[PDB]
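What follows is each chain in one-letter form.
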Amino acid sequence: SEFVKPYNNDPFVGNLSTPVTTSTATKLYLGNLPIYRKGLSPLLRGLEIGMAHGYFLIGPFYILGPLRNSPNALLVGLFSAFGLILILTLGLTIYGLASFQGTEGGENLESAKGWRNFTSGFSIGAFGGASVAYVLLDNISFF
Amino acid sequence: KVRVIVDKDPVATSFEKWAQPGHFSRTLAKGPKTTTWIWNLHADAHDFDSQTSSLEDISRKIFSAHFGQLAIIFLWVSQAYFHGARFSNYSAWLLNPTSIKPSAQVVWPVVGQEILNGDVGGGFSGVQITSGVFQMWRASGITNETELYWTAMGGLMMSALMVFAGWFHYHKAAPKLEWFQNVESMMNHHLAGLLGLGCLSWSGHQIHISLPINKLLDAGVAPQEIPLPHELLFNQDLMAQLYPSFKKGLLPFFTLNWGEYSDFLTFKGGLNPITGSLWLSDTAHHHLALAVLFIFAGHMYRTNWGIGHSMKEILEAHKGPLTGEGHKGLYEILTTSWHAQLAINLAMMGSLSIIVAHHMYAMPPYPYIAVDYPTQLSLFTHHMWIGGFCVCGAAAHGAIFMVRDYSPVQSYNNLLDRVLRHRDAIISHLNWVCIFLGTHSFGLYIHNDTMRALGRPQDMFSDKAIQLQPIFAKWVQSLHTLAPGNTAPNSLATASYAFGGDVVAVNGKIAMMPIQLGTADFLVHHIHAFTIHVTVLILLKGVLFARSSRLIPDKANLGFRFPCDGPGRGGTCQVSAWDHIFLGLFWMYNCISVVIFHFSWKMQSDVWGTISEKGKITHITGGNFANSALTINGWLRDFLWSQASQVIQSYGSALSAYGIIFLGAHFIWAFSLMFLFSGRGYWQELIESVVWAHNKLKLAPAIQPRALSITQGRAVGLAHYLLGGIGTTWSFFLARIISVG
Amino acid sequence: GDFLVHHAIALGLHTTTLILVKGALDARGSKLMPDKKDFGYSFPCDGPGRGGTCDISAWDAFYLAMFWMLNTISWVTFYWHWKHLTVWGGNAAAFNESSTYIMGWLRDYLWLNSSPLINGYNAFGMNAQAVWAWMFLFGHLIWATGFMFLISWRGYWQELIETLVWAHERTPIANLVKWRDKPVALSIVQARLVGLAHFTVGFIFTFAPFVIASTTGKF
Amino acid sequence: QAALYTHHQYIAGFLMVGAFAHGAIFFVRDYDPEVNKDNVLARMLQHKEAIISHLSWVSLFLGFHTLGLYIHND
Amino acid sequence: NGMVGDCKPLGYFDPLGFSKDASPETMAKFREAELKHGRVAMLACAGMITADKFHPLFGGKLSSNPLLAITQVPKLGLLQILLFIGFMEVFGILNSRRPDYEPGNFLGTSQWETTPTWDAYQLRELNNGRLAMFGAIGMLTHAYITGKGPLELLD
Amino acid sequence: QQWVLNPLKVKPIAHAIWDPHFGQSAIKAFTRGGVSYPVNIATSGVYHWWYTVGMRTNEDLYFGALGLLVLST
Ligand code: CLA
Ligand code: CLA
Ligand code: KC2
Ligand SMILES: CC1=C(C#C/C(C)=C/C=C/C(C)=C/C=C/C=C(C)/C=C/C=C(C)/C=C/[C@@]23O[C@]2(C)C[C@@H](O)CC3(C)C)C(C)(C)C[C@H](O)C1
Ligand SMILES: CC1=C(/C=C/C(C)=C/C=C/C(C)=C/C=C/C=C(C)/C=C/C=C(C)/C=C/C2=C(C)CCCC2(C)C)C(C)(C)CCC1
Ligand SMILES: CC1=C(/C=C/C(C)=C/C=C/C(C)=C/C=C/C=C(C)/C=C/C=C(C)/C=C/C2=C(C)CCCC2(C)C)C(C)(C)CCC1
């Protein structure tokens, strides 16, 4: 048998159609991720990605941060998450400015308006996710 | 059939081609026109496949070169034995091993060097040795100097025989390629005939000469009163007196009542309390079992008779969905190309040297070698360095095979083709692994330094601030500690006391001790993994991208080692697989240097030392590894600065030679940087100015001087760098360990 | 000791002048490259032809002589610092005795006076010289990182960047984020410059710490 | 005192290297042999081979002998 | 027909003829259920075998009894296991919804040139799944009866 | 001003340290020079230079800084 064939029946493209690259599991999961999901607007793509990253970003600061052994450990973790998210959304905005200089199409991540909607979604979502993880970690004794 | 087929008188014996210097190569045979000719004569000396196209001739040259090398090695074994016979204190050490410093070299009084004949005990003045040959001979049972003298003479006879064999097998009766390509019979004879019979013979030697002599020495009999080996060999009554099972003869062997030999064939394990080393009965049983295993293994491959395997068929039968044709063509590759075989063999030899280094220190095999702290450190470090060098040689010869002997007609859609077809994925993923591993492993050290300097020990990656415990290593150590009862019931002790158990100590000094693993061990082990991974990255990229790359599609046409392909494409510098090896040698050097530093500090702080009558364990450095190895500042202070005292304060003492070599190796390491950083163009222009100065005086040579080639400059820089660094570590370790231990 | 170290200083000055004067005089042309002025001041090379033409541009003469400038100034400053530490401490018969051999410099100047620096912070605590210890190690690290750019040259890193470009372009999710400038390995003169930069900054950081902390800890 | 001496000696070395580098840039960029026909500056290029060879000689002598005496003492 | 579940000891084993006069949809549902049961039972049997004598997690002293261990596990761990399994099952449902869909192939084997070797290894998967299906039920039943784990029951 | 009274004993201060990464131990260690905050001990000789030149109070140094700022402007 042969589970490694040319990518899209093109032997001269620099890729291989391995199980990892071209399996139905990989295709399903990637195509269903928000950045690839069909029908999602750029705002919702950014929103889902933002909440996703903001929920987990608080944790390293909370437990491994300098004030882990302090009564305000989770507060400092949330503030650190907000700062890191501010840096990340600044990076997103400058990336959009540098890449999609001249664009008018919109409704597309590869355009200025679409990337701006995506960045707004990411920023709000990540702030909300950091706050939500703060709220859950305050009341973790519930579970 | 497998048969002997050789050509007679293939090459005449004459000094005419000794006189003709560059005869071996077509270009060099013309004669010199520049000084680069002189260097190329040495560079292409042993490149037989560039000299002659015939694989038969290449094989014959290689075979006789192997003979010459064995002659050199026999002369080296002879030097060891003869120096022990004559210019040594082996008898004094044999009488009193713990206090006597082993020494088998003496300097002559000429220019004040006579101080180097330091006080080594036993009424003998000489240079202390650290090779462990004294302990080797004690294990072998040598108790007199006549034995050392006569085995040295035998070694000289064998060296002469090997020179004769090398001459004969190239000038009088050279084999054919058909003879050389009998890989199946070669494997059969090397397994059963070389390894198997070697182990069987050594087991017999041990059982007959080493067990009785060593047991009597441990009992207390002085070497003078020990019965001689020839008496012991046939005196069955004495051997029955020592080991009662010998009175039963060989009938318990021929009948399968092998349990009768339990006394002198044991599975005791651990270390002998007297000598603080492995039990020689255990070693005899070990070698006997290995002899049986190798003789059993050597009857696998096909020969003149119908039974046996074909490695071609075995390889061709292994092909999977993700591998296409699988191992098809590899048998032909390894039968046709010597460089592929050299690559594999060098890789395994180097890994074996490293495994030897790891095994000997944890399980001291020779008597009174564990207490001989210089010997353990020297052997471990030496074998580590040899292993790294062999691994890089493996990578280099793999690249050479790729450049020269690779062919798609042969290796189409096999594992080699499939590996080349995703080399980019391989190297990119190894690059990510290297970045991740180095970032974590070194940034933990850097974090520790930062927090210590900021006065925040509570934020450290220490054993008491943020613990990174090697839970898996601790679990494996616990399993090995509990092994002798549950999973190895016939074993009476653990394989090595490093995992756990009692503190073996001979006299006051400590032979072996359990080695604890904590946060520092976690950090340094991940550092080791990072260094190994970067070395593998460099070497594997060199091997894979020897044919071509996205930068140079025709890299194979240029050759294996070439300077560049010009300043185009932004610069194509060191694109060659040779230059990849040149860079990987720096990285294995760094890897082995960190490994030996870890070994030295850990053994000095946690294992080596002394134990008093009550049990006051006092280590050489005082257990500072666990709390100081967490920072690079601690590595710089408590290991290099702290232990350099015994080197730098060595002037006016017997270790002053180590001090001089410390400085000289430093000098050579720095001298290497000239070649490593500089370039041929400047040097050729400087030589032009000097050549004008000479031509003004009518003495510019006919062989015009030239700056060294680019590849040669890189090679010279690498050689000087390695020599300087290795000599620095050599002098430092030897001076420190001889002074303190 | 002053005799010998002064002759060493003469060696340093003369060799730095040799490299620099040769670069200046051969910048226009040489027997290996008579038309160097056409290429200019700083170019990578002339190619592997004619035996190789590495570091031929007379900018590389400057880059080579920078190592010797650092070497000779280091010798000068070691001489100054050791003689003055001995004079200030009142034992000039340490310099007068030990400076005649090189192990005296390696032991009674570097090793002896490195203790208060490297003991800036240890397992038991920290002192006010911990910043000097950290900067000492910092300069060591930069000096070491310079060797990378000085030894390893562009072809290896270019091919490695081809591999990384392949990986970034082929992985999902991340390949939506795409560069504008094609990432390439550093040019030859650029990497010579970077390696020399890491060397020099390193030099100055290491000696600054060692010269400012050992003096403070010894007086 | 030590900080100031080290500082100013290092900057002196840098300034000297820069002076020579800009002399090289002048030679390769701004030097006009037609203007400097048989000049005091052109004669420097004329016997540059002698200059470089003798600087090589003195550097070699100094290094050989200083290193040798230091090793003798060592 | 068209599947790879047949074997030597029983041939094409269908005594009650469920597949007889059945649609390809029902056949695909049956094979998906078969492979899911086999895989889950492999995981179960391996989990009991390993955790009986080597259970370092959760303080290293949770009960070796399979039935008691899951009750001893914290609620959050059970919730996370359920979330993980559900996240695999949504992709199972999507693979079922796909136009090309073999029953248990998350790998998408149809796009590659497969052979009798692939068929034989699918048969290996299925046979091991059947054996593990019997094994897991046996282990749980013995755990309920005796209260010992698999290897302790063997002890 | 304190250094002027006792030049040979008081260690000159370069500037205050502002670092949130400092621990309590580093804070206590770097608190030196007869001040209540962490500081860096000057090794540039500017104190000696200005004292020799004629500066005796912080006001003179501040006015020098102001005038140099105007010069740069
Ligand atoms: C100390 C000296 C030094 C350093 C730092 C490096 C660094 C590196 N070498 Mg090596 N190298 C060296 C000497 C050194 N080399 C020398 C002398 C040579 C010549 C023989 C080479 C030759 C060489 C080759 C040929 C290759 C490497 C590779 C690498 C990389 C390994 C991946 C890694 O762990 O990166 C991680 C980075 C580090 C370990 C440095 C410290 C990182 C910590 C976390 C600090 C982080 C700081 C912060 C985030 C940023 C700055 C803060 C602020 C100022 C903004 C990396 C770039 C290999 C590679 O490409 O790997 C993929 C490779 O192929 N090196
Ligand atoms: C519940 C799991 C399950 C399922 C869904 C299937 C499904 C299938 N098997 Mg079967 N099979 C199973 C378990 C299962 N198998 C086990 C454990 C064995 C080992 C004995 C086999 C052995 C086996 C063979 C050898 C073959 C098949 C084949 C088939 C396929 C065609 C026959 C058919 O219509 O079966 C439909 C099956 C069902 C509708 C399941 C009904 C289950 C009843 C209700 C339970 C009976 C068990 C009883 C209550 C308890 C047993 C004792 C103990 C555990 C308590 C079909 C995909 C054939 C095939 O693939 O041909 C190409 C084939 O050759 N199977
Ligand atoms: C199905 C498989 C599975 C997956 C793929 C998976 C993935 C991840 C990831 C993402 C990669 C994170 C980030 C994460 C984190 C944590 N997992 Mg978790 N996990 C799985 C299974 C279990 C089980 C069975 C348990 C468990 C736990 C914890 C705790 C501890 C909390 C605590 O200290 O109380 C934390 C923080 C234990 C628990 O909740 O204990 C009350 C517990 O029993 N997980 N887990
Ligand atoms: C149904 C189905 C499938 C399925 C399935 C099944 C059955 C999946 C089962 C998965 C399973 C069972 C996965 C458990 C993981 C547990 C982990 C990682 C534990 C972490 C544990 C952690 C992080 C910590 C533990 C601690 O104790 C430590 C060490 C110290 C103590 O102080 C306390 C804490 C808590 C801190 C397929 C086959 C997949 C596909 C098919 O199509 C459909
Ligand atoms: C695949 C896989 C994996 C992975 C996984 C992962 C990666 C996971 C993750 C997970 C996660 C990561 C999760 C998450 C969650 C989240 C959440 C829970 C969130 C929430 C949010 C919110 C609630 C928000 C809100 C808001 C606000 C508040 C404000 C306004 C705005 C908004 C509305 C947004 C593993 C390897 C393991 C295994 C195998 C498979
Ligand atoms: C008074 C006195 C004296 C005297 C002195 C003298 C006389 C001195 C001199 C000195 C000198 C005499 C010095 C010099 C120096 C020099 C230098 C340092 C140089 C440099 C150079 C350069 C760098 C160059 C460059 C260039 C080029 C290359 C080209 C062209 C251009 C130019 C020029 C730019 C005495 C001591 C006796 C005593 C006391 C007093």
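Residues numbered from 1 in each chain as written, not as in the entry; some residues may be left out. Chains lettered and ligands numbered in written order. Part of a larger assembly, values for the part shown. Heavy atoms only, no water. Residues with missing side-chain atoms left out of burial classes, pairs and counts.

Its PDB record attributes the structure to cryo-EM, giving the resolution as 3.1 Å.

This structure appears in the PDB under the title "Cryo-EM structure of coccolithophore photosystem I".

(A) Representation of the overall build of chain D in the model. A count of helices and strands for chain D gives three helices and zero strands. Listed by position from the N terminus, the elements making up chain D come as α-α-α. Since a compact globule built from 74 residues should have a radius of gyration of about 11 Å, the 18 Å found for chain D marks it as more spread out than a globular shape. Reported as C-alpha extents along the three principal axes, the dimensions of chain D are approximately 55 × 30 × 15 Å. Expressed as a percentage of its 74 residues, the buried residues of chain D come to 36%. Here chain D displays about 4700 Å² of accessible surface, and carbon together with sulfur accounts for 65% of that area. Side-chain charges in chain D split into 4 positive and 6 negative, and the spacing between the mean points of these groups amounts to 5 Å. (Helix = DSSP H or I, 4+ residues; strand = E, 2+ residues; numbered from the N terminus. Rg over C-alpha atoms; globule rule 2.2 N^0.38 Å. Buried < 20%, exposed > 50% of the residue type's maximum accessible area, 1.4 Å probe, protein only. Areas by Shrake-Rupley, 256 points an atom, 1.4 Å probe, with all protein chains shown as cover. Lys, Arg positive; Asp, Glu negative; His and termini not counted. Charge placed at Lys NZ, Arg CZ, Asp CG, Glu CD.)

(B) Inspection of the overall build of chain C at higher detail. Summing up its helical and strand segments, chain C has nine helices and two strands in all. Taken from N to C terminus, the helices and strands of chain C fall in the order α-α-α-α-α-α-β-β-α-α-α. Whereas a compact globule of 219 residues would reach a radius of gyration of roughly 17 Å, chain C reaches 23 Å, over 25% beyond that. For chain C, the spread of C-alpha atoms along the principal axes amounts to about 65 × 55 × 20 Å. The proportion of buried residues among the 219 residues of chain C is 58%.

(C) Examining the interface of chain D and chain C more closely. Opposite the 35 residues of chain D that make contact, chain C presents 49 residues. In this assembly, chain D packs against chain C so that about 3600 Å² is buried in total across both faces, 79% of it on carbon and sulfur atoms. A per-residue breakdown of the area chain D buries against chain C is headed by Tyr10(D), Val28(D) and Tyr70(D), which together make up 19% of the total. On the surface where chain D and chain C come into contact, there are one salt bridge. Two residues, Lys48(D) and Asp26(C), come together in a salt bridge whose shortest N-O distance is 3.3 Å. Along the contact surface separating chain D from chain C lie seven residue pairs in polar contact. (Contact = heavy atoms within 4.5 Å. Buried area = accessible area lost by both parts, 1.4 Å probe. Salt bridge = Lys/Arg side-chain N within 4 Å of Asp/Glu carboxyl O. Polar contact = N/O pair within 3.5 Å; in protein donor to acceptor, adjacent residues only side chain to side chain.)

(D) Examining a nonpolar patch on the surface more closely. A cluster of nonpolar side chains, namely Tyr55(A), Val132(A), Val135(A), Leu136(A), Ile140(A), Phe142(A), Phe143(A) and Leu76(E), defines an oily patch on the protein surface of about 730 Å² accessible area. Looking at the nonpolar patch element by element, the count peaks at three residues for helix α5 (residues 112–138) of chain A. Counting through the fold element by element, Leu76(E) comes out in helix α3 (residues 75–97). Since its relative accessible area comes to 34%, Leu76(E) is described here as partly exposed. (Patch = residues over 30% accessible without salt bridge, like charges linked within 9 Å, V, L, I, M, F, W, Y side chains within 5 Å.)

(E) A look at the site of ligand 3. Residue and element names in this part refer to chain E. In the region of ligand 3, the neighbouring residues are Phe-58, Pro-74, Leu-76, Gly-77, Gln-80, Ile-81 and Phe-84. Between an oxygen atom of ligand 3 and a side-chain N or O atom of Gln-80, the distance comes to 2.6 Å. A breakdown of the residues in the shell around ligand 3 according to their chemical character gives five nonpolar, two polar and no charged. (Near = heavy atom within 4 Å. Nonpolar A, V, L, I, M, F, W, Y, C, P; charged D, E, K, R; others polar.)

(F) The packing of aromatic side chains, seen in detail. Considering all chains together, one arrives at 100 aromatic pairs over all chains under this definition. When the centroid spacing of 5.2 Å and the interplanar angle of 55 degrees are considered together, the rings of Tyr95(A) and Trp115(A) count as tilted. In this pair, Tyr95(A) is assigned in helix α4 (residues 73–99) and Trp115(A) in helix α5, connecting sequence segments 20 residues apart. On the accessibility criterion, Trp115(A) (9% relative accessible area) is buried. Here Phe380(B) and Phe599(B) contribute two aromatic rings whose centre-to-centre distance is 3.8 Å and whose plane-to-plane angle is 10 degrees, an arrangement assigned as stacked. Taken as a pair, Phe380(B) in helix α17 (residues 373–404) and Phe599(B) in helix α23 (residues 577–607) lie far apart in primary sequence, 219 residues in all. Here the basic side chain of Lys509(B) rests over the ring of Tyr373(B), its NZ or CZ set 4.7 Å away from the ring centre. (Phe/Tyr/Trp six-rings, centres within 6.5 Å; stacked < 30°, edge-to-face > 60°. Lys NZ or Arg CZ within 6 Å of the ring centre and 35° of its normal.)

(G) Seen up close, helix α2 (residues 36–43) of chain B. Of the residues making up α2(B), those classed as buried are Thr36(B), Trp37(B) and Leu41(B). Angularly, the buried residues of α2(B) cover 145 degrees about the axis, an arc narrow enough to put them on a single face. (Arc of directions from axis to C-beta.)

(H) Expanded view of the sheet that holds strand β4 (residues 125–128) of chain B. Residues and elements named next belong to chain B. The three strands are arranged β2-β4-β3 in an open sheet whose pairing can be described as antiparallel. Both edges of this open sheet fall to β2 (103–105) and β3 (118–119), since each of them pairs with a single strand only. Direction of pairing for β3 relative to β4: antiparallel, over a ladder of two bridges. Following the sheet pairing, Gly-118 is matched in β4 by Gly-126. (Pairing = 2+ DSSP bridges.)

(I) Spatial organisation of the interface of chain C and chain B. Listed by partner, the interface residues are 62 residues for chain C and 66 residues for chain B. Counting each side, the surface lost to burial between chain C and chain B is near 5700 Å², with a carbon and sulfur contribution of 70%. Sorting the residues of chain C by area buried against chain B places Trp111(C), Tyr156(C) and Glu159(C) first, and these three jointly supply 14% of that buried surface. Connecting chain C to chain B are four salt bridges. The residue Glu159(C) makes a salt bridge to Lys555(B) at a minimum N-O spacing of 2.4 Å. Run the count over chain C and chain B and you get 29 residue pairs in polar contact. Counting residues per element, the ones that place at least two in the side of chain C that touches chain B are α1 (2–26), α3 (59–89), α5 (102–113), α6 (115–118), β1 (121–122), α7 (130–151), α8 (154–170) and α9 (188–218) of chain C. It is α8(C) that provides the largest number of residues to the side of chain C that touches chain B, a total of 11 residues. When the residues that make up the side of chain C that touches chain B are grouped by side-chain class, the tally is 38 nonpolar, 14 polar and 10 charged.

(J) The side chain of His580(B), seen in detail. Within the fold, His580(B) resides in helix α23. The buried category is assigned to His580(B), whose relative accessible area is 0%. Engagement of the side chain of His580(B) in a polar contact is seen with the side chain of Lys541(B), the distance being 3.1 Å. Setting aside residues no more than four positions away along its own chain, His580(B) makes contact with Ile538(B), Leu539(B), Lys541(B), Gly542(B), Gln574(B), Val575(B), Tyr156(C) and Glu159(C).

(K) The coordination of the magnesium atom of ligand 3, seen in detail. Of all protein atoms, just one serves as a donor to the magnesium atom of ligand 3, and that atom is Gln80(E) (OE1), at 2.6 Å. Note on placement: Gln80(E) falls in helix α3. (Donors = N, O, S within 2.8 Å, 3.2 Å for Na, K, Ca; no water.)

(L) Layout of the nonpolar core. With 206 residues, the main nonpolar core has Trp635(B), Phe677(B), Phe62(C) and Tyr63(C) as its most contacted residues. It is α23(B) that provides the largest number of residues to this core, a total of 18 residues. (Core = buried A, V, L, I, M, F, W, Y, C linked by side-chain atoms within 4.5 Å.)

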